[PDB]
Amino acid sequence: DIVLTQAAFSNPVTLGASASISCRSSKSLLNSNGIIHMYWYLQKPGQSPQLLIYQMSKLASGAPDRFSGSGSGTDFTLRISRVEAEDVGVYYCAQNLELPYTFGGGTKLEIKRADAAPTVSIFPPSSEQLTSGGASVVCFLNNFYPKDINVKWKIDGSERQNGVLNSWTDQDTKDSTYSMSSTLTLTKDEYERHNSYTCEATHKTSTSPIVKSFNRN
Amino acid sequence: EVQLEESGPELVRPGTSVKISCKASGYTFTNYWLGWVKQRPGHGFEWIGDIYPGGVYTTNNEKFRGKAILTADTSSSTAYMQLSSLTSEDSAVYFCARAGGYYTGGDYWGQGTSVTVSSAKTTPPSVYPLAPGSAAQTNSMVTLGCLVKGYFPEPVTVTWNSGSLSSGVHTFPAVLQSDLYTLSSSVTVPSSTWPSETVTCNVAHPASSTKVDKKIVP
Ligand SMILES: [Zn+2]
Ligand SMILES: [Zn+2]
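Residues numbered from 1 in each chain as written, not as in the entry; some residues may be left out. Chains lettered and ligands numbered in written order. Heavy atoms only, no water.

**Here's the deal with the interface of chain A and chain B**
In this complex, chain A contributes 43 residues to the contact, which on the side of chain B involves 47 residues. Surface buried jointly by chain A and chain B totals about 3,600 Å² across both partners, of which 63% is contributed by carbon and sulfur atoms. Sorting the residues of chain A by area buried against chain B places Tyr101, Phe103 and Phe123 of chain A first, and these three jointly supply 15% of that buried surface. Across the chain A-chain B interface, the total number found is 1 salt bridge. A salt bridge links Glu128 of chain A to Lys214 of chain B, with the nearest nitrogen and oxygen atoms 2.4 Å apart. Of all the secondary structure elements, the ones that give two or more residues to the side of chain A that touches chain B are strand 4 (38–43), strand 5 (50–54), strand 13 (119–123), helix 1 (127–131), strand 14 (134–144), strand 17 (164–168), strand 18 (178–187) and strand 20 (210–215) of chain A. (Contact = heavy atoms within 4.5 Å. Buried area = accessible area lost by both parts, 1.4 Å probe. Salt bridge = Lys/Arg side-chain N within 4 Å of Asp/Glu carboxyl O. Helix = DSSP H or I, 4+ residues; strand = E, 2+ residues; numbered from the N terminus.)

So this is what it looks like as structure tokens:
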């Protein structure tokens, strides 16, 4: 099987600057008929992939000319003259020279922007959930950058790691930030035995973690 | 305009078979190859095979031998892919794409079809409102939200005010636990507009033919 190797990530790129994504093939993709069976696809979060470059260096219809491709037949490069915020996503190289046709692992492009502290919001269980014996405490940590962050939950001052479910959004295609949701799910029984609930965030924009909390009463 | 319309999401039990469609329009159906690719949650792409409706020739990925077969109905300009002896390894999103011409890749793509292979039963979502509790949340902007819990299978569609409220919205990827999914969605709006201008989240779960609207009240 032909193996296409791509880095999983690229260094954060400054908006408006040039960027390059490379892909290496385990064997030449050049046909005896002179055709290079290499393509570049871009997949944005929650969308279908889009073709950017076909036959190594030909610009696909519907793709902006900010994108260009080149290569030696074995090593390939996708270039972006001026990176825009909406360009964030995963870029894949692919080949159909031989069966089975294969794809590279994809390279995620990330935009570099100014640091931004997360806006934290904590929410106690709703009356409706409690009625069913459940008690989920929700904490939103929105629009922060860089992506590196750590959330800690404390009940009555003691850390609680059990029953925590976290989810992250991809880099926003407009403001280039990241957002995160953390939910501590307890039973009503458990929830009612304690008083203070706290959501703590450790991010490079603050020496002390950003804290948000409430008291059941 | 070239369009490839794929059939809706599927929840099927392992050991059975499912057949998904790709209705094409906007061009001569019999003159271009249509291909199919597989994308598992959090993974890349896997090519399954291509089909040429004009003679009905197919090129397949032998890794799926005995698992997939491609067909085409010329009278309806529709391509089909049937997957058999299903297991959770087959749970993924399948896309169909048109090949622009002579080795010019997939220039047009369908919206994808989500297939979940599981023995688990379909369960509608419980939607709980998330309104500012005990701690005056900001003052220039205020964040509200909805917690969607205990549903199966994926996916659910979340909108606010039936789609008219879109800026400042963050709908997070669902997480699976104990055979049930949980998702959340937040929306940040101007403090001077709420609660005067109502905010309601709408959660649709086609699988269970259910949709629930929850208005967020102080
Ligand atoms: Zn935001
Ligand atoms: Zn306890």
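The rest of the description comes next.
**As for the layout of surface pockets**
A water-sized probe, rolled over the atoms, reveals where empty space remains. Roughly 490 Å³ of volume is contained in the second largest pocket. Taken together, 28 residues line the second largest pocket, and the ones lying closest to its centre are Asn96 and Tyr101 of chain A together with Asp50, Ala99 and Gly105 of chain B. For the lining of the second largest pocket, the elements supplying multiple residues, two or more each, are strand 4, strand 9 (89–95) and strand 10 (102–103) of chain A together with strand 4 (34–39), strand 5 (46–52), strand 9 (92–99) and strand 10 (106–109) of chain B. Among the elements that take part in the lining of the second largest pocket, strand 9 of chain B stands out by supplying 5 residues, more than any other. A per-class count over the lining of the second largest pocket returns 17 nonpolar, 9 polar and 2 charged. (1 Å grid on protein atoms, 1.4 Å probe; cavity = no way out; pocket = protein on both sides within 12 Å on 5 of 7 lines; lining within 4 Å. Points joined across faces, edges and corners; volume = space filled by probe spheres on them. Nonpolar A, V, L, I, M, F, W, Y, C, P; charged D, E, K, R; others polar.)

**Description of the UniProt feature "disulfide bond" in chain B**
All names here are of chain B. A sulfur-sulfur distance of 2.0 Å separates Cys146 from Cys201, so the disulfide listed by UniProt for this pair is formed here. Within this pair, whereas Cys146 is found in strand 13 (residues 141–151), its partner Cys201 is found in strand 18 (residues 200–205), the two being separated by 55 residues in sequence. When its relative accessible area of 1% is taken as the criterion, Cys146 is described as buried. The class of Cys201 is buried, set by a relative accessible area of 0%. (Disulfide = S-S within 2.5 Å. UniProt positions renumbered as here; feature names shortened; annotations may be inferred. Buried < 20%, exposed > 50% of the residue type's maximum accessible area, 1.4 Å probe, protein only.)

**A word on empty space enclosed by the protein**
Under the counting rule described, the total for this entry stands at 2 cavities of 30 Å³ or more. The volume enclosed by the largest cavity comes to roughly 90 Å³. Along its surface, the largest cavity is lined by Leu165, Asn166, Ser167, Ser181 and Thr183 of chain A together with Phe172, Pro173, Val175, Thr182, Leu183 and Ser184 of chain B. Mapped by element, the contributors of at least two residues to the lining of the largest cavity are strand 17 and strand 18 of chain A together with strand 17 (180–190) of chain B. Grouping the constituent residues of the lining of the largest cavity by class yields 5 nonpolar, 6 polar and no charged. Roughly 40 Å³ of volume is contained in the second largest cavity. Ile122, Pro124 and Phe214 of chain A together with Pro132, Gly133, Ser134, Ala135 and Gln137 of chain B together form the lining of the second largest cavity.

**Comments concerning the state of the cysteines**
Residues and elements named next belong to chain A. Counted by the stated rule, this structure contains 4 disulfides over all chains. Here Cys23 engages in a disulfide with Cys93; their sulfurs sit 2.0 Å apart. Looking along the S-S bond of the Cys23-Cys93 disulfide, the torsion reads about 80°, which is the right-handed sense. Of this pair, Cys23 sits in strand 3 (residues 19–25) while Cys93 sits in strand 9, placing them 70 residues apart in sequence. Overall, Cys93 belongs to the buried group, its relative accessible area being 0%.

**Brief notes about the coordination of the zinc ion (ligand 2)**
Looking at the zinc ion (ligand 2), one finds its protein donor set to be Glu190 of chain A (OE) and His194 of chain A (NE2), positioned 2.2 to 2.3 Å from the metal centre. Taking relative accessible area as the criterion, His194 of chain A reaches 23% and is therefore assigned partly exposed. (Donors = N, O, S within 2.8 Å, 3.2 Å for Na, K, Ca; no water.)

**As for the domain arrangement of chain A**
Residue and element names in this part refer to chain A. By the assigned domains, chain A splits into domain 1 (1–113) and domain 2 (114–216). Distance between the C-alpha centres of domain 1 and domain 2: 37 Å. Facing the 11 residues of domain 1 at the interface are 13 residues of domain 2. With both sides pooled, the region where domain 1 packs onto domain 2 buries about 970 Å², and carbon together with sulfur makes up 45% of that total. It is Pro45, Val88 and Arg113 in domain 1 that bury the most area against domain 2; as a group they hold 57% of the surface buried on that side. The tally of links from domain 1 across to domain 2 stands at 0 salt bridges. On inspection of domain 1 and its partner domain 2, the count reaches 5 residue pairs in polar contact. Every element with two or more residues in the side of domain 1 that touches domain 2 is listed here: strand 11 (107–109) and strand 12 (111–112). Considering only residue class, the side of domain 1 that touches domain 2 consists of 6 nonpolar, no polar and 5 charged. (Domains from an automatic or database assignment. Polar contact = N/O pair within 3.5 Å; in protein donor to acceptor, adjacent residues only side chain to side chain.)

**Details of the coordination of the zinc ion (ligand 1)**
In this structure, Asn143 of chain A (OD1), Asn143 of chain A (ND2) and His170 of chain B (NE2) serve as the protein donors to the zinc ion (ligand 1), at separations of 2.1 to 2.4 Å. Note that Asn143 of chain A is positioned in strand 14 and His170 of chain B in strand 15 (residues 169–171), a pairing that runs across two chains.

**Re the sheet that holds strand 14 (residues 157–160) of chain B**
All names here are of chain B. Pairing is antiparallel across the open sheet formed by 3 strands, whose spatial order is 14-18-19. The open sheet has two free edges, formed respectively by strand 14 and strand 19 (210–215), since each of these has just one partner strand. Going across the sheet, the axis of each strand differs from the next one's by a mean of 15°, ignoring polarity. Relative to strand 18, strand 14 runs antiparallel, the two sharing 4 bridges. Bridging from a neighbouring strand, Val158 pairs with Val203 of strand 18. (Pairing = 2+ DSSP bridges. Axes fitted to C-alpha atoms, helices over the stretch in contact; angles between N-to-C directions.)

**Overview of the domain arrangement of chain B**
All names here are of chain B. What the domain assignment lists for chain B is domain 1 (1–119) and domain 2 (120–218). Each of domain 1 and domain 2 was reduced to a C-alpha centroid, and the two centroids are 33 Å apart. Taken together, the contact pairs 6 residues of domain 1 with 7 residues of domain 2. Regarding the contact of domain 1 and domain 2, the summed buried area is about 500 Å², with carbon and sulfur atoms giving 53% of it. Across the domain 1-domain 2 interface, the total number found is 0 salt bridges. Scanning the region where domain 1 abuts domain 2 turns up 1 residue pair in polar contact. Looking at side-chain class alone, the side of domain 1 that touches domain 2 contains 2 nonpolar, 3 polar and 1 charged residues.

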